[PDB]
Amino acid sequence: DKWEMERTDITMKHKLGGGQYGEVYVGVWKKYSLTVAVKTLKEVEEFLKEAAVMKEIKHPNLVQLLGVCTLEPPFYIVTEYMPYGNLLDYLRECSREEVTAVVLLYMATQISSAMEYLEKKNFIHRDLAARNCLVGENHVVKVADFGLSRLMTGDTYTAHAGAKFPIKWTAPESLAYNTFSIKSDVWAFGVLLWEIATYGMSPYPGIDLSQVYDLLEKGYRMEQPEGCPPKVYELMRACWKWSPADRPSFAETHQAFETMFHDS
């Protein structure tokens, strides 16, 4: 676009995460001594859809695009580099004396502020999870993995038939009828919050995948994690209302966390 770069501006240092689809590297942009992350693929417009969505989004809590290389293979997307990796591994491995309750709360305020931004732009993410969040210094958390993100035309996006999703993060109307909406991102946010409050447990632990929809339909929701405040649990419960209209908006979610945050 106007976001092209010459391949030779960047030195690929080491690999961070390979794919069945494609791989991820850390590199240096010589011309500024800046560390960047570089995503790539081989044997286009899918990989590119992610590029196109990140062009349009500019919020301090969404991993920022720095450029692209998309006239010749290998094709590159380049972004700022998050030094402490994905949020899930960060939670599982941190010092709990260093990440307190108040840090966990801060992390959630950041995420709700990125989604507040994206809801107003009418983008859906479609893969909210703690594995798809990235961490930086000072406990900056940034939302990432935008490869299923889409600008919606109205209020619902329907994915193709035959399309399979991570069950424990996906809203029931999405599992039943394949319908995504901002409200289905709300649900996954809920599930993300519980991953945070538990320092990185797996959702529905010890429940067969095959039973989740049904359990849900008959009323079951995950329980309050140990140490999690009532109001944060009630918020996380509102995210899981069976009816998408009944769930909160990301404005409201953001409002509730900023408020809790300032009151500590």
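Position 1 is the first residue in the sequence shown; the rest follow in order.
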{"item": "Deposited residues omitted from coordinates between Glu43 and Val44, as a class", "value": "4 to 9"}
{"item": "Mean C-alpha B-factor comparison - 60-68 and 29-37, higher one", "value": "29-37"}
{"item": "Of 219-227 and 47-55, the stretch whose C-alpha atoms average the higher B-factor in the entry", "value": "47-55"}
{"item": "Highest-ranked of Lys121, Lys164, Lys168, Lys183 once sorted by CA temperature factor in the record", "value": "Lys164"}
{"item": "From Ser243, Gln255, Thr11, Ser249, residue of greatest CA B-factor", "value": "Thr11"}
{"item": "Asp145, C-alpha B-factor rank within chain (lowest, middle or highest third)", "value": "middle"}
{"item": "Record-listed C-alpha B factor of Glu98: chain third", "value": "highest"}
{"item": "Among modelled residues of the same chain, the CA temperature factor third for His139", "value": "middle"}
{"item": "Relative C-alpha B-factor of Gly190, binned into the chain's lowest, middle or highest third", "value": "lowest"}
{"item": "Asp89 - which third its CA temperature factor falls in, relative to the rest of the chain", "value": "highest"}
